[PDB]
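Residue numbers (the deposited numbering), protein chains in the order written: chain A, 885 to 982; chain B, 1130 to 1222; chain C, 71 to 154; chain D, 2 to 153, 163 to 189, 194 to 563; chain E, 1 to 171; chain F, 1351 to 1455; chain G, 845 to 1081, 1095 to 1125; chain H, 3 to 75, 84 to 184.
Heads up, the beta-carbon is just placed ideally off N, CA and C, and yes, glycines get one too.
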Amino acid sequence: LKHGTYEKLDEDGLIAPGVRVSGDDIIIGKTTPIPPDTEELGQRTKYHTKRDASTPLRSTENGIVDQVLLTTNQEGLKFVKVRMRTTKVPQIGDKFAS
Amino acid sequence: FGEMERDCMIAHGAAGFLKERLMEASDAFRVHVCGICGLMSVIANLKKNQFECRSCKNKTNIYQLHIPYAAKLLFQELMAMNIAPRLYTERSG
Amino acid sequence: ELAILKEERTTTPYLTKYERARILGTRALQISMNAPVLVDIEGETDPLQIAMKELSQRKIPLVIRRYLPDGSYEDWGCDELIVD
Amino acid sequence: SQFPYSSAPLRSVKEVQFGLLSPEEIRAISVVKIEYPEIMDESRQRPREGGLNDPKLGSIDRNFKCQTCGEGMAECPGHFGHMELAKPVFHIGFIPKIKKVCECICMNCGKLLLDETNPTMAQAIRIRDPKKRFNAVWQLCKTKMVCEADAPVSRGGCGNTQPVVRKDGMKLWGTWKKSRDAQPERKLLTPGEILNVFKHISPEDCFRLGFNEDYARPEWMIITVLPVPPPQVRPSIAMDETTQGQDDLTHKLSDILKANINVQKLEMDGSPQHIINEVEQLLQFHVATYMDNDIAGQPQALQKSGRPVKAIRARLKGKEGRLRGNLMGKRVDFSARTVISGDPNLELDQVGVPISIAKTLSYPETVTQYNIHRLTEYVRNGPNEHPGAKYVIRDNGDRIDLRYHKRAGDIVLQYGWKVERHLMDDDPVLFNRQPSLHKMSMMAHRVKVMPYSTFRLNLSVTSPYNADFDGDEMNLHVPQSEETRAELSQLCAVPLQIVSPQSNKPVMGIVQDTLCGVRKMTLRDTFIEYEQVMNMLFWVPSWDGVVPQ
Amino acid sequence: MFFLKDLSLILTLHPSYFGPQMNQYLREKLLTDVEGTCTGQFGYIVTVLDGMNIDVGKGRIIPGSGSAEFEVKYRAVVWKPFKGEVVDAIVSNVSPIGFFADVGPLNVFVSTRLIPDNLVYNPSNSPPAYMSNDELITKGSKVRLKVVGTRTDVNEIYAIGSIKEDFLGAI
Amino acid sequence: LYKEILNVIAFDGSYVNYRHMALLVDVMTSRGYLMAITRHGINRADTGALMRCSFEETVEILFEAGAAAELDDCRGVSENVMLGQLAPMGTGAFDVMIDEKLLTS
Amino acid sequence: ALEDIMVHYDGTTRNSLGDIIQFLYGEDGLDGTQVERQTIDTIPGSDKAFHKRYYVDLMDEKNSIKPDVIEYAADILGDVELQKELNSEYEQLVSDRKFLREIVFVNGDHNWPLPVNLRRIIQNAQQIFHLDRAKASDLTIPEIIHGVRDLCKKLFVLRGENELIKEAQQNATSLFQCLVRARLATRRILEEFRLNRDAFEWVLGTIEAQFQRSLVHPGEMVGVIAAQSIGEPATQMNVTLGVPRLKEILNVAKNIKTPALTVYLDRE
Amino acid sequence: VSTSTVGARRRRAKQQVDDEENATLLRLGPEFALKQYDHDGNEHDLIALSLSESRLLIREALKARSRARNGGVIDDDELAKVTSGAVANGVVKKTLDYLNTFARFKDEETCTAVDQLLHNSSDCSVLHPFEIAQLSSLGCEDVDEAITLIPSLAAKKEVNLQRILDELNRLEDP
RNA sequence: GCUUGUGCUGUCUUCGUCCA
Ligand SMILES: [Mg+2]
Ligand SMILES: [Zn+2]
Ligand SMILES: [Zn+2]
Ligand SMILES: [Zn+2]
């Protein structure tokens, strides 16, 4: 798993709009199946069958989740888009021009 | 830390800073070389404490070097093309 | 053979800036590795400052070996090289 | 101290001896023989032994140890394997030299066409440099077009007429003037024929030709056994979460091995010469393009995507090649980059560093009895509070991360440990702007930690850097040792660089509105009242506390 | 066989020992690290001659690590067995697979296949021995054996002896 | 050659110290003939193969060195840079030894 | 091309092969940062001005040192040995003038970069020792002559007693010795600068120390410095000129764009 | 660990049969060749040591070190205990036990006379030092026995082997 | 006593930023 936090995800693996996010947080939760190992020996169903493929927020960016879009691609599979919003106030080093 | 920065550091005369930039702050690596064939063919097993060069059949005349990993890769790619760069730790004249 | 006798040393009798920098760095590293200090320290704590204080008093226990182009060398003590 | 202990003595390279690899040496240094073209055993992990991904060649997986040395991924250098060629092939990099050597010697008796009896030949042999010696010997023996079975007394020759050799791609044509005009025959000079001719060259003739008996023997220019590089040289890449991609070198080696298998199968079963020629020429092409894919005069080897194959030669040349892009200049750690700004209230040799950059970068300070108290305070403060620390390094080399330590207050520092403390004030750092045209483009400043996210410079140093504050960015490099810190503070420091050796004049002066204001302020009719004079005098750091009359 | 050899050692010294007693400390460090060691190339180093007057020269400061490196040259007594050499020995153990003898610091194992057949191993004897009508070789018995093979280890040497030829066996 | 170089540099009023141009024109004419500052001039010297291959014609130089069994003495600065060693320049142009005589105090 | 060139401990400038590029860096062994434009005073001016400035006559009263500047003006006139010393000094000055005017600088340019600024040293001495006031100096002429003569033999660029070493050492400081003798002449010291004794030894010691400080340091990578110093102006810049001409020069092109000759005709 | 004064020995192509260790063939390898070099690089001969000479040298050196460590103020057990290192102590104990239990000559003058006889002899001027050490060590009694034990002496038939053996037996303390 | 979670391709192409 990614070192970020998964606690902001909903039941369907998608974050909800209006939630403040920080760098490395997980905004899309996705897993890919993996052939199980011999852990079925004595593991009480607690054996790894899936591998994480989640999408984390960029490390240097943070903001508010603005709008989450869920639809189907041309192939009929699920397809999501997450838009993040933040405000940038001028500060020392910002470039201006006439 | 491109070539022009390397030339500026040469002009300043700071050899230690240049060595540290290109080794410690970057790809530093340790290899073992046979003291006879001069190739990086020593099969070193650190935990068992035994070194051995099969081609020369020796167990003693073996040294270790600290070289950039890119240099090791370059020498291995040269060996892939039938060119043998032999590294020796003593001069001969 | 390769060593040059003290009477026939012909290199400059001054500490060049490269030699000064290298000597200060080596002495600072050695002090930071708990080497004995040959001068009294009033309130100084920086290894580089202690090394500079040692150098000013000609108390650094190091030897410069200057390599001539042909391979011969001259050994100069840091206590006998003039420092500006 | 970052490397696990090894009892072998540590020395430094003093000489690099070049040469060719004999087939005996290739077989000796190898650890496995590569013969099966299939990369994977049954697509069920555990790559096939004896294949291109044999576990004995080395390990590139974290949980898999090398079966030859037993070391981990971080320590295994990779081990070579060898592949036996069914028929010898030319080395693509030595074909012109092979042609020259064929012109210099006789193709039957394997002896030089000229002897020391000729004064010019003896004069040429007298020279020392192997390349110039070979050039002179070739210039002389090129004209001699017939072997002499008798002295020009027997000189050891066979008396046969020497053919004229012409190059055509990877094939060499030898034309004999068989016996005014008659019918001459030009026949192909196969690599095997040239190889068995070269093996009969005497060591003295080999030395006369510029080759070295011990290190560069002429017949080693023909490839009879191929060394297979370890997977470290040709790593695989995971294109997506499921399918990984074989490297270009791996595919080329698979093609070469398939061609070798095809030649071996064809030879033992049935031998139409046309088929043999076609298949052996295919093998020669594959081996040649595996090492050089820019051979002028013939089409390049292409991938299934249509892109040309990245041969080993292409790996070493250009700006992005090995030498220019990874050895002469490489990416480095402990560095920062951000926009620069101006600060009139900074000394000449001071740079303003943001707090976040100061927290990210670090300097390993050795714990002694002069700073153990301060370093313990830094360790307590942790990696988020300035001044703080990021790691504690023990004598054995183990790193203690202070982010993930629940008992940071329960850490006692012993002498000789290192604390990777935060960047602090008056730390010398190297500061640089590209392009670095001259040596004043890299100078060492003293750190001053400041808020906001830009590097800050005194405006007098904007001239040597050729920098202004309209968006320029500059690079900062942190020394990581006492020796390197001393070198920076004693050699590259800004005050030492005021006068340049290019024109023995200063490179820094008063600039911009300071220059305008010192012209306006020093006019003859500028008078200043007492209350403003007091403020102006207090602003001078070096003022001695006496007001002038 | 014992020999006199001129050997050299590379000694690295930590800066914490940079004191007036540096030379003597290097001398005792050399003595502790050489006396009694076993190198396959040379054999066994038993003593160092003139151990208190060994020249150490001037140590070179390793760039980037502070420690000084010293090159110490000395003359030492070295013992090394050779293939096909006949030497005296004292039996240290008796076992059905063969008997173990000691030649100085070297321990030599002789298998039954290299022992004359008449010297049948007697386990009932006290102590058990390989005995014949006129010969009886047990623990502590002097034996003259010929070294046939030597095995090189990390810091150990294993030799194999034989008594199957003439002028061998019990002495 | 010095006169021509100075004429080129000083046309726009710029000034470069004499010793730099003197060094350049002494390098260009040190072999008895004009040595152009190109691969055909620099790479035709007797310097180490590793130093020469770092400028231009890397692979060809490496093959020529291998076939001729060239020996590189690792005295240059490029050789020591690409091997991660202390170059014999600046602060690396000498050695520091430990003064067992002075430590007796 | 110039990377592997470095000043060695014997003063020579060698590449990595050990081949000599120069027998002395910059032909004087000095560092590029320790030189300044100075005027050599024996070059310019007519013969009458040179004679008036430098000649001292102890027989003619009105052509001698002024009596108010020296305490010992009474027992100077009529001395013959001191006149011999002064004549030797003047002959040395005339030889320097001839050497500079006929060999080194034929066009008469006298403003050249030279080490240790003499004017700054002299005015520092004047400020330090309060050399104002009409007070008479106590500095005897033989002290001046012998002090300057001895100073011109302590400017060590090369150490050693070898004869060839001594010849090279003498060659390396010819221009600087000419400058020093031009400035520290007897008449100029006694009249123009009005130094006393203590100022004189201070000036001599300062000159020697500054010259020792202005030498080049073994271990300089002068090749890279020269390459950077030549390439830096090129980034900021009928015959061909500019970058194309520099490219023609460096490549040693056989057929340049605008070949030309400069034919000089005979005097008539 | 310790490095011999002989260095270099780089790669070649020829292989020789005089590389393998063999006492009978007197092939002792490069590091034990007949010609050696000292710290000054001058010519030096291989220095073999018989058990008598080895015992004398080890006893002298050990007692000198013991005297030096006590400020310059005989028992083998105490002498072994003088050295430092438990493994070193055991090794020197074993060597001392071997030398004592097989010492043919425990007297300095007897060993000196034996060495003089084995060196200054005209026949022994060709004898290899290894052969001399073996002769003085094994204490052989017969020409046939010595030849069987030392195959090298078989090819050297210009040696007064029997009378030299009798001289050694006489010098041997009964 | 229920005990915490460490890992990222690669190759092209284009468009930009600061010098020049
Ligand atoms: Mg700008
Ligand atoms: Zn080897
Ligand atoms: Zn491995
Ligand atoms: Zn022929």
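- Item | Close-in-space but distant-in-sequence residues of the same chain around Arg417 (chain D) (CB under 6 Å, 5 per side omitted) | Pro397
- Message: Tell me which residues of the region 492-504 of chain D have at least one Cβ-Cβ distance to chain C shorter than 8 Å, keeping chain order.
- Response: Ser495, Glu496, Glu497, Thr498, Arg499, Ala500, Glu501, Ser503 and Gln504
- Message: Following a CB-centred definition, is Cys110 (chain D) positioned closer than 7 Å to any heavy atom of ligand 4?
- Response: yes
- Query: From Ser7 (chain D) to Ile30 (chain D), what distance separates their C-alpha atoms?
  - Reply: 22 Å
- Selection of the region 1066-1078 of chain G by Cβ proximity to chain B, strictly under 7 Å: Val1068, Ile1069 and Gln1072
- To the nearest angstrom, how far is it from the Cα of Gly95 (chain C) to the Cα of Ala63 (chain H)? 44 Å
- Item | Backbone secondary structure at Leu175 (chain H) - three-state DSSP | helix
- Message: At the 8 Å Cβ level, is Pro10 (chain D) part of the contact set with chain E, yes or no?
- Response: yes
- Message: Looking at the secondary structure, which residues open and close the alpha helix (DSSP H) in which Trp1046 (chain G) lies?
- Response: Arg1041 to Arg1057
- Task: Using three-state DSSP, classify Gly1440 (chain F) as helix, strand or coil.
- Result: helix
- Message: For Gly59 (chain D) and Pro249 (chain D), which I take to be in contact (beta-carbon distance under 8 Å), what is that distance rounded to the nearest angstrom?
- Response: Going by Cβ atoms, the distance from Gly59 (chain D) to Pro249 (chain D) rounds to 10 Å, so no, they are not a contact pair.
- Task: Could you work out which residue in D:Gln68, D:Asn64 and D:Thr171 is closest to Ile106 (chain D) when comparing CA atoms only?
- Result: D:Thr171
- Where do the N-terminal and C-terminal ends of the alpha helix (DSSP H) with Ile49 (chain H) fall, by residue? No alpha helix (DSSP H) contains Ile49 (chain H), which is instead part of the beta strand (DSSP E) from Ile49 to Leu51.
- Message: Give me the chain C residues within the contact set of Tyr853 (chain G), using Cβ-Cβ distance strictly less than 7 Å, ordered along the chain.
- Response: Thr81, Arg136 and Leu138
- Message: When you compare the CB of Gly870 (chain G) with every CB in chain B, is at least one pair closer than 8 Å?
- Response: no
- Quick one: Cα of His129 (chain H) to Cα of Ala50 (chain H), how far? 12 Å
- Quick one, which residues of the region 6-19 of chain E are near chain C if we go by CB-CB under 9 Å, in chain order? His14, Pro15, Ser16, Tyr17, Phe18 and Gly19
- Message: If contact is defined by three or more beta carbon pairs under 8 Å, each pair taking one atom from either stretch, is the region 954-969 of chain A in contact with the region 1395-1412 of chain F?
- Response: no
- Message: I'd like to know whether the C-beta of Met305 (chain D) is nearer than 8 Å to at least one C-beta of chain B.
- Response: yes
- Task: Can you pull the chain F residues whose beta carbon is under 7 Å from the beta carbon of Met22 (chain E), in chain order?
- Result: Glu1450 and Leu1453
- Under 8 Å between C-beta atoms, does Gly873 (chain G) make it to chain C? no
- Hey, is the region 94-109 of chain H in contact with the region 31-39 of chain H, meaning 3+ C-beta pairs nearer than 8 Å? no
- Run through DSSP, which three-state label would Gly1398 (chain F) get? coil
- Item | N-terminal and C-terminal residue of the beta strand (DSSP E) that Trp956 (chain G) is part of | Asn955 to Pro959
- Task: Report the partner residues of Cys1163 (chain B) according to the DSSP bridge assignment.
- Result: B:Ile1191
- Query: From what residue to what residue does the beta strand (DSSP E) around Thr150 (chain E) run?
  - Reply: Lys142 to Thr152
- Between the beta-carbon of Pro232 (chain D) and the beta-carbon of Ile215 (chain D), is there less than 8 Å? yes
- DSSP bridge partner residues for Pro520 (chain D) (one or two, in chain order): D:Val513
- Message: Just checking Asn210 (chain D) against ligand 4 - is the residue's beta carbon closer than 7 Å to any of the ligand's heavy atoms?
- Response: no
- Item | Candidates B:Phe1158, B:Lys1188 and B:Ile1212, of which the one nearest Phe1413 (chain F) by Cα | B:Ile1212
- Query: Which residues are close to ligand 3, meaning CB closer than 5 Å to any heavy atom, in chain order?
  - Reply: D:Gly59, D:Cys67, D:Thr69, D:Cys70 and D:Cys77
- Message: Between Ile1165 (chain B) and chain D, is the shortest Cβ-Cβ distance under 8 Å, so that the two count as touching?
- Response: no
- Query: Does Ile142 (chain H) come within less than 8 Å of chain E when only Cβ atoms are used?
  - Reply: no
- Item | chain H contacts from the region 21-45 of chain E (Cβ-Cβ distance under 9 Å) | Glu28, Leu31, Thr32, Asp33, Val34, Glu35, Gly36, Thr37, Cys38, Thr39, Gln41, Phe42, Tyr44 and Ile45
- Task: Compile a chain-ordered list of the residues in the region 207-231 of chain D whose CB is closer than 9 Å to at least one CB of chain F.
- Result: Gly224, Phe225, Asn226, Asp228, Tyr229 and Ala230
- chain G contacts made by the region 248-276 of chain D, where a contact means CB separation under 9 Å: none
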